[PDB]
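Enquirer: What follows is a structure written as structure tokens; I'll ask about it next.
Each reported figure results from applying straightforward, stated rules to the coordinates on display, with no laboratory input. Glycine gets a Cβ as well: all are built from the backbone with ideal geometry, and neighbour counts include every protein chain shown.
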Amino acid sequence: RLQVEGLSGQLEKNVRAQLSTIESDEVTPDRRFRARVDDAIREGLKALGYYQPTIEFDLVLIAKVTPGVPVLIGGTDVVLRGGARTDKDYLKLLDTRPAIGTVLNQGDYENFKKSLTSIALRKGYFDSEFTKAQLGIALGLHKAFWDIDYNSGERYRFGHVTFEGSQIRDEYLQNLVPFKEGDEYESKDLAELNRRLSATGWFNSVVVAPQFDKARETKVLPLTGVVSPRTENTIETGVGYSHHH
């Protein structure tokens, strides 16, 4: 069993997380082992801005860790190109960046990149790409600098929805589609299309597949909705009996 001394809060939690990965109570080393522990502690600390800790062990095994000098945010440079430049959700995201002079948290940078992609997926920026995405650490300055250059491209629009397998005439299905052809894509519209088809009770199964290989030149996304007619599921005990004797 191993116990960490010298950390207060999120540092301490992240480091305990990192440590609760390797085995403890067992038959194990003393120097090769505590050099795995040493590595794991340093990994946790780096993620939270501490690249130059001091760590010292004892005897259960207790590790005296002093975080040391932090790396501070020196800049959070992000360029947005394509629709994202003027897109209200991407602009809101820029305002979440950490302030200059705060202690580096690497997770902020990674979560920011993931948020760029998450918005792109929800709003149909399917040509989304990074031409730059670096976290640069100048340890001699104890400063960290983001460098993201992100191009969302254009928002895709919905195309025509083709239905297959239906017992229902097409004009009645089309009436259920919750967008017009030519509307900008939103992921929630696929959920609503599912919900509307579902609410009719017409089908046993519905599979709605965006046809993306039809969309890269046009930025218009057709959908194909393959359905199966609902069949009656009741307890068959109407049929009478032969003579019992």
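Enquirer: How much length would be gained if the chain were fully extended between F212 and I62, taking 0.36 nm per residue of separation minus their Cα-Cα distance, in nm to one decimal?
Expert: So the extension gain works out to 48.4 nm.
Enquirer: Run through every distinct alpha carbon pair of the chain and return the Kirkwood hydrodynamic radius in angstroms, one decimal place.
Expert: Kirkwood radius, the chain: 23.3 Å.
Enquirer: Summing +1 for each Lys or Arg and -1 for each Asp or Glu, what net charge is found among the other residues whose Cβ lies under 11 Å from the Cβ of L7?
Expert: In short, +1.
Enquirer: Sticking with this structure for a sec: What percent antiparallel are the DSSP beta bridges of the chain, to the nearest 5?
Expert: 55
Enquirer: What are the ³J(HN,Hα) values, in whole Hz, obtained from phi via the Karplus relation 6.51 cos²θ - 1.76 cosθ + 1.60 with θ = phi - 60°, for each residue of region 68-78 in sequence order, with x given for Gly and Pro?
Expert: Per residue, the Karplus-derived 3J(HN,Hα) values read x, 6, x, 7, 9, 5, x, x, 10, 4, 9 Hz.
Enquirer: Something else about it: Note down the nm distance, to one decimal, between modelled labels 7 Å out along Cα→Cβ at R195 and at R85.
Expert: According to this spin-label approximation, the distance is 3.5 nm.
Enquirer: Taking the Cα centre of region 1-107 as origin and charging only Cβ (+1 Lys, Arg; -1 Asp, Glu), how large is the dipole, in debye to the nearest 20?
Expert: For region 1-107, the charge dipole is close to 380 debye.
Enquirer: Here's another thing I want to ask about it. With 10 angstrom as the radius, rank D30, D77, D87 by how many other C-beta atoms surround their C-beta, starting from the fewest.
Expert: Going from least to most buried by this count: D30, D77, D87.
Enquirer: Using the Cα centre of the chain as origin and beta-carbon charges of +1 (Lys, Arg) and -1 (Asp, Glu), tell me which of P29, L190, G101 is placed farthest towards the positive end of the dipole.
Expert: The residue sitting farthest along the positive end of the dipole is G101.
Enquirer: At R16 and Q167, where each label point lies 7 Å from the Cα along Cα→Cβ, what is the point-to-point distance in nanometres?
Expert: 6.0
Enquirer: Rounded to whole Hz and in sequence order, give me ³J(HN,Hα) for region 27-39 from the Karplus expression 6.51 cos²θ - 1.76 cosθ + 1.60, θ = phi - 60°, writing x for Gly and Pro.
Expert: 10, 8, x, 9, 10, 5, 5, 5, 8, 7, 4, 4, 5
Enquirer: Given Cα pairs under 8 Å that are at least 6 residues apart, what percent is the relative contact order of region 156-234?
Expert: Relative contact order for region 156-234 comes out at 42 percent.
Enquirer: Search the structure for amide H atoms under 5 Å from the amide H of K143, placed 1.01 Å from N in the peptide plane, and list their residues when 5 or more places away or on another chain.
Expert: Under 5 Å from the amide H of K143: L72, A138.
Enquirer: Kindly identify region 69-155 as rounded, prolate or oblate by the Cα gyration tensor criterion: order the square roots of the eigenvalues as a ≥ b ≥ c, call it rounded if a/c is under 1.5, otherwise compare a/b with b/c, prolate if a/b is larger, else oblate.
Expert: Prolate shape, in that a/c is at least 1.5 and a/b is the bigger ratio.
Enquirer: So which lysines pass the test for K113, namely a Cα distance under 29 Å, with those fewer than 8 places away in the same chain ruled out?
Expert: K13, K46, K88, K92, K123, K132, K143, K188, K214, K219
Enquirer: Here's another thing I want to ask about it. Would you please give the residues with an amide H less than 5 Å from that of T76, counting only those at least 5 places away or on a separate chain, with H modeled from the backbone geometry?
Expert: Under 5 Å from the amide H of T76: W146.
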